[PDB]
Amino acid sequence: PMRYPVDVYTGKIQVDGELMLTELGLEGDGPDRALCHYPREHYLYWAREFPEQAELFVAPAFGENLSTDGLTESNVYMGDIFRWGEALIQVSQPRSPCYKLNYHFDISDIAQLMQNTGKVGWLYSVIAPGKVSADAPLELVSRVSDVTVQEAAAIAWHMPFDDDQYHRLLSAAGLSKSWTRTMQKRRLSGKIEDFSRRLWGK
Amino acid sequence: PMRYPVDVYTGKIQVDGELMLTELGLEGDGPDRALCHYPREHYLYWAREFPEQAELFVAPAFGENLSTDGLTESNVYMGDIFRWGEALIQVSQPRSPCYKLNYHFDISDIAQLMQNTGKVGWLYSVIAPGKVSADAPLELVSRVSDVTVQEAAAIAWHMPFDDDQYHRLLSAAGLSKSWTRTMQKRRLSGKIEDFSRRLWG
């Protein structure tokens, strides 16, 4: 039963107190995307990649609510349920990188790079609202799937069209509504949707 | 491909024009329970069970939005995705019987009996909003699970405590938030929640 200590941030500013996790997110901050998570470890990577702006790559530069060390996309699975203090949360999707990040860091291809590396983080849906805190760690209570956030990112963005793999992703407990809609549409249309608008803003 | 004709009803009155299906349900009518489905076959059963009120047991007596013939809880699966006209919908849970039905039929134990038989029908979540109609059938496009609605009802209500079977249910694609919360809580608490308040008041 590993515990992952969490640094919390809301509208973005570090929080030390006890606070309330509602169905719609933490107080002061849709239901499938109420909580953003980014692995603190990835900052080291970005800093190496862009030395002359290493000072920009610290939490919560990527807009995250939860910052941790020891959880990454390859050891966190779709549908995973974690207890956090009094609340329950479930992994709903990988976070899709967005062009707005490029302007936030004033680096032209960050979003593209995030997507390519798969160092994107994940969003939660809140299964039970409750009292939470910075001093209360995450604890995995149910793993109900075999698809790691990493694999979900790969199915989404790295692989050529594979109906079988979309079927697999659609079978993942907790999958967000948008990702269900996106993947189902691929299966029916036979086409992978455009990423350009999301990634560049052009 | 097998496609299922459907009678629609919106709060209940039979609609047969086109109408818009939204994230929050049909136009005129939470996101996990936007669409209620009940199999038309069950009415025959209820009529036999309560002969002196057989006239009450016709669609949409059980409040359903969708009425069909050929789909039942043993051949519909958790997480199933169906195309309906222009929209996409996903099976999210068995419908939980409620005491209000007892007053609707003015028969004292209908909800309890529904739960016990497992003749409960199911709710959908709306994956894509779109134009729908009575003249547009349901078509199964993705089956992503091995838990039938029947099995989910049994895990819920018919079985003694079985952590393994709750794990199984928590692994079902599309499972509603409330059922996820309910089943997770069983696993942590070691206790099956009370049904009485829901079944009676």
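The radius of gyration of the Cα set in the protein assembly as shown, together with its Dmax, comes out at 22.9, 84 angstrom. Placing +1 on the Cβ of every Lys and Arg and -1 on the Cβ of every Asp and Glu, with no other charges, gives chain B a dipole of roughly 720 debye about its Cα centre.
Considering region A:85-202, its Cα convex hull presents a mean projected area of 8.7 nm².
Evaluate peptide B:178-185: per residue, the Cβ atoms of other protein chains within 10 Å of its Cβ; return the mean as an integer. Present the calculation step by step, with values, prior to reporting the outcome.
Details: counts 2, 0, 11, 7, 2, 3, 9, 3.
The mean count of partner-chain Cβ atoms within 10 Å per residue comes to 5.
Would you kindly calculate the mean projected area, averaged across all directions, of the convex hull enclosing the Cα atoms of chain A, in square nanometres?
Numbers: hull surface 44.3 nm².
Result: 11.1 nm².
Can you pick out the pairs among A:177/B:191; A:12/A:100; A:12/A:185 whose Cα atoms lie more than 26 Å from each other? Mind showing how you got there, number by number?
Details: A:177/B:191 30 Å; A:12/A:100 15 Å; A:12/A:185 35 Å.
Those over the limit are A:177/B:191; A:12/A:185.
Could you sort B:51-58, B:178-185 so that the peptide with the highest average Cβ count within 10 Å comes first and the rest follow in order?
The most tightly packed comes first, giving B:178-185, B:51-58.
Residue-wise HN-Hα couplings along region A:84-92, as the Karplus relation 6.51 cos²θ - 1.76 cosθ + 1.60 with θ = phi - 60° gives them from phi, are 9, x, 9, 9, 10, 9, 10, 6, 9 Hz; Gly and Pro carry x.
Every number here is computed from the coordinates shown, using simple stated rules; none is lab data. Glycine gets a Cβ as well: all are built from the backbone with ideal geometry, and neighbour counts include every protein chain shown.
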